Amino acid sequence: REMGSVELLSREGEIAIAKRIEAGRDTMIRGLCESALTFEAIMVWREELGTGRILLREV
DNA sequence: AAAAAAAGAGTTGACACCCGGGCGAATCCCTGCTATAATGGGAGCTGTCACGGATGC
(Lines give C-alpha, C1' and ligand atoms only; values in the text may rest on other atoms or scores of the structure.)
Protein backbone atom coordinates (compact mmCIF):
# COMPACT_ATOMS: atom_id res chain seq x y z
CA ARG A 1 0.00 0.00 0.00
CA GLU A 2 2.78 2.45 0.89
CA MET A 3 4.70 1.70 -2.31
CA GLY A 4 1.58 2.01 -4.46
CA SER A 5 0.19 5.19 -2.93
CA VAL A 6 3.43 7.14 -3.47
CA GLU A 7 5.29 5.57 -6.44
CA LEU A 8 4.66 5.84 -10.17
CA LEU A 9 6.26 4.90 -13.50
CA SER A 10 8.48 6.93 -15.81
CA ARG A 11 9.80 5.95 -19.24
CA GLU A 12 12.04 8.96 -19.90
CA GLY A 13 12.34 9.70 -16.19
CA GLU A 14 15.18 7.20 -15.91
CA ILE A 15 17.18 9.28 -18.40
CA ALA A 16 16.66 12.40 -16.29
CA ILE A 17 17.64 10.48 -13.15
CA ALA A 18 20.83 9.23 -14.83
CA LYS A 19 21.69 12.75 -16.00
CA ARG A 20 21.11 14.09 -12.49
CA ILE A 21 23.34 11.38 -11.01
CA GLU A 22 26.05 12.22 -13.55
CA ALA A 23 25.76 15.92 -12.72
CA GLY A 24 26.03 15.14 -9.01
CA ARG A 25 29.13 13.03 -9.58
CA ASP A 26 30.64 15.82 -11.70
CA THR A 27 29.95 18.43 -9.02
CA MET A 28 31.37 16.17 -6.31
CA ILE A 29 34.53 15.61 -8.36
CA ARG A 30 34.86 19.34 -9.01
CA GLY A 31 34.43 20.10 -5.31
CA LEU A 32 36.85 17.43 -4.11
CA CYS A 33 39.76 18.61 -6.31
CA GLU A 34 41.10 21.31 -3.99
CA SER A 35 44.56 22.47 -2.93
CA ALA A 36 46.53 21.59 0.23
CA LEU A 37 43.88 19.03 1.29
CA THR A 38 43.51 16.45 -1.49
CA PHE A 39 46.43 17.19 -3.83
CA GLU A 40 49.12 17.01 -1.14
CA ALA A 41 47.27 14.15 0.58
CA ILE A 42 47.18 11.97 -2.54
CA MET A 43 50.59 13.15 -3.75
CA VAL A 44 52.25 11.12 -0.99
CA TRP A 45 50.91 8.00 -2.74
CA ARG A 46 51.77 9.27 -6.23
CA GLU A 47 55.39 9.70 -5.10
CA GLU A 48 55.50 5.94 -4.46
CA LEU A 49 55.08 5.32 -8.20
CA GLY A 50 57.73 3.57 -10.27
CA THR A 51 57.31 0.15 -8.64
CA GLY A 52 53.98 -0.77 -10.26
CA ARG A 53 52.27 -1.77 -7.01
CA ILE A 54 49.40 0.72 -6.59
CA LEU A 55 50.47 3.74 -8.67
CA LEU A 56 49.20 2.19 -11.92
CA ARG A 57 46.06 0.02 -12.24
CA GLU A 58 45.03 0.81 -8.64
CA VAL A 59 44.63 4.56 -8.08
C1' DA B 1 81.07 -76.29 63.60
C1' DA B 2 81.57 -72.99 58.19
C1' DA B 3 80.59 -70.25 53.03
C1' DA B 4 79.08 -68.66 48.17
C1' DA B 5 74.74 -68.34 44.28
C1' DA B 6 69.46 -68.52 41.54
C1' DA B 7 66.74 -64.71 42.38
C1' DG B 8 66.04 -59.67 43.49
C1' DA B 9 67.73 -55.01 42.18
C1' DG B 10 69.90 -51.98 39.20
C1' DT B 11 71.14 -50.45 35.30
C1' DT B 12 73.28 -50.00 30.21
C1' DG B 13 73.03 -49.96 25.57
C1' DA B 14 69.76 -51.57 21.25
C1' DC B 15 65.91 -51.32 18.64
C1' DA B 16 60.35 -50.97 17.41
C1' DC B 17 57.13 -47.53 17.04
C1' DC B 18 53.57 -44.12 17.17
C1' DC B 19 51.19 -40.06 16.99
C1' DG B 20 52.89 -34.68 16.19
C1' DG B 21 54.30 -31.10 13.44
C1' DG B 22 55.57 -29.50 9.05
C1' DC B 23 55.83 -29.54 3.60
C1' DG B 24 53.00 -30.09 0.04
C1' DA B 25 48.86 -30.56 -3.14
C1' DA B 26 44.53 -30.63 -4.13
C1' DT B 27 40.69 -28.66 -3.55
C1' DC B 28 36.43 -25.77 -1.03
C1' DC B 29 33.61 -21.02 -0.18
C1' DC B 30 32.82 -16.02 -1.30
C1' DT B 31 32.00 -12.50 -4.04
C1' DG B 32 30.76 -10.17 -8.15
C1' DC B 33 29.33 -9.83 -12.97
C1' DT B 34 25.86 -11.18 -16.78
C1' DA B 35 22.98 -5.78 -20.79
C1' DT B 36 16.48 -6.72 -26.13
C1' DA B 37 11.46 -5.80 -23.15
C1' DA B 38 9.95 -7.91 -18.49
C1' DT B 39 6.53 -3.46 -13.27
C1' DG B 40 0.71 -4.84 -6.87
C1' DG B 41 -0.40 -11.65 -4.09
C1' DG B 42 -2.96 -16.97 -2.49
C1' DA B 43 -4.97 -19.84 1.35
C1' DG B 44 -8.11 -19.50 5.38
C1' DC B 45 -12.31 -20.32 7.80
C1' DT B 46 -17.77 -19.98 7.63
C1' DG B 47 -21.26 -27.30 11.35
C1' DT B 48 -19.52 -25.65 19.94
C1' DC B 49 -21.03 -22.39 23.32
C1' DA B 50 -20.61 -19.54 27.26
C1' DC B 51 -18.30 -16.61 29.93
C1' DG B 52 -15.66 -12.83 30.71
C1' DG B 53 -14.38 -8.99 29.71
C1' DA B 54 -12.50 -4.68 26.38
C1' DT B 55 -13.88 -0.75 23.27
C1' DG B 56 -17.66 3.11 20.99
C1' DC B 57 -21.69 7.39 21.13
# chains A, B, ... in the order shown; residues from 1 in each chain; ligands from 1
>>> interface_residues(of="chain A", to="chain B", cutoff="10 Å", atoms="only C-alpha atoms (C1' of nucleotides)", output="PyMOL selection string")
chain A and resi 1+3-4+8-9
>>> select_by_dssp(residues="chain A", states="helix (DSSP H, G or I)", output="PyMOL selection string")
chain A and resi 2-6+13-32+39-46
>>> closest_residue(among="A:20, A:42, A:13, A:2", to="residue A:55", atoms="only C-alpha atoms")
A:42
